[PDB]
Structure formats: structure tokens, C-alpha cells
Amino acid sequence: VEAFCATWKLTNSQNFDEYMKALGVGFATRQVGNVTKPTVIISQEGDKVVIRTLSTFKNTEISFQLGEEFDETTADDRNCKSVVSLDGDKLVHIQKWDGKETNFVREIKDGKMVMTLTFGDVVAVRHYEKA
């Protein structure tokens, strides 16, 4: 977990639009969500680990205890029952909302954080540079 903790900036995204569509994200948010390069800052608070995200649209904060379920109102408004754990190396973040399910597996590949969003059989991939 000590390797995820840093100020990250997005550098390259891929297939996110297709993923956003899959999630059923509204047109408006898709337009901003497609151009916006956000900053995901991951840090701690002892039993808590936080994930702040900053963009020229929305900034969203989640604080949780690993493996513990919690409620999170996603940026695109879905209210999910999320759980994020460490399946070893990878930081998995599961989001469940009215029957549908989705997951985010963040990794550190050659010192670059790579997130790989997934829903149904439509995967999306993101890249982050430690700034």
C-alpha cells in the first residue's frame, strides 16, 4: 500500500468512453469525463486510507478501512456499496449498485499507476504519473 500513496496525474486513458457508455453515464458527464485529466491522491489516516480525486468538474473523497464495506456516491451519482481490498499487490475496488457490479484494479507498472476499469465485457484502462 506504501507504493500507491502519492499525487497522481492522468497521462493516458483508453477505451474509457466505451466504458462510460456501458456504465450508462449521462451524455453531459461523458463529455466532461472524456476531456478531463484528473488527479487522484491516495494517502492514509491509520485505520483509514483515503482516495481524493480532483478535476475541473468534480472532486470526490472516499475514506475507508481495507476490506470493509461502505457506501459511496460515485461521481456520476450512482450510490454503491463499495469494498476495496488488497488482493496482494493490486488494489481492488468493487462497486455494487442495484444488481449491477463493477471493479477497479489499480496497479503500479514500472512506477506508473495503471488502473483498469471493467464492466460486463467492456474493459477500460488508465495511466497515472507520480507528480
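The term rigid core refers to the most C-alpha atoms you can superpose between the two forms while keeping them within 1.5 Å. Numbers follow the displayed sequence, beginning with 1.
Novice: After fitting on the rigid core, which stretch moves more in 7 other deposited structures of this protein, 50-58 or 25-33, going by C-alpha RMS?
Specialist: With the rigid core fitted, 25-33 is the stretch that strays more in 7 other deposited structures of this protein.
Novice: Quick check on the record: does 117-125 or 6-14 carry the larger mean Cα temperature factor?
Specialist: Of 117-125 and 6-14, the stretch with the higher C-alpha B-factor average is 6-14.
Novice: Out of 101-109 and 53-61, which one has CA B-factors that are higher on average in the deposited record?
Specialist: Mean B over CA atoms: larger for 53-61.
Novice: Out of 93, 90, 30, 48, which one has a C-alpha B factor higher than all the others in the entry?
Specialist: Of the options given, 48 has the highest CA B-factor in the PDB entry.
Novice: Among the modelled residues of its chain, does the C-alpha B-factor of residue 73 lie in the lowest, middle or highest third?
Specialist: Within its chain, residue 73 is a highest-third residue by C-alpha B-factor, going by the deposited values.
Novice: What third of its chain, lowest, middle or highest, does the C-alpha temperature factor of residue 86 fall into?
Specialist: Residue 86: CA B-factor falls in the highest third of its chain.
Novice: Sort the modelled residues of this chain by their C-alpha B factor and say whether residue 36 lands in the lowest, middle or highest third.
Specialist: Lowest third - that is where residue 36 ends up once the chain's C-alpha B-factors are sorted.
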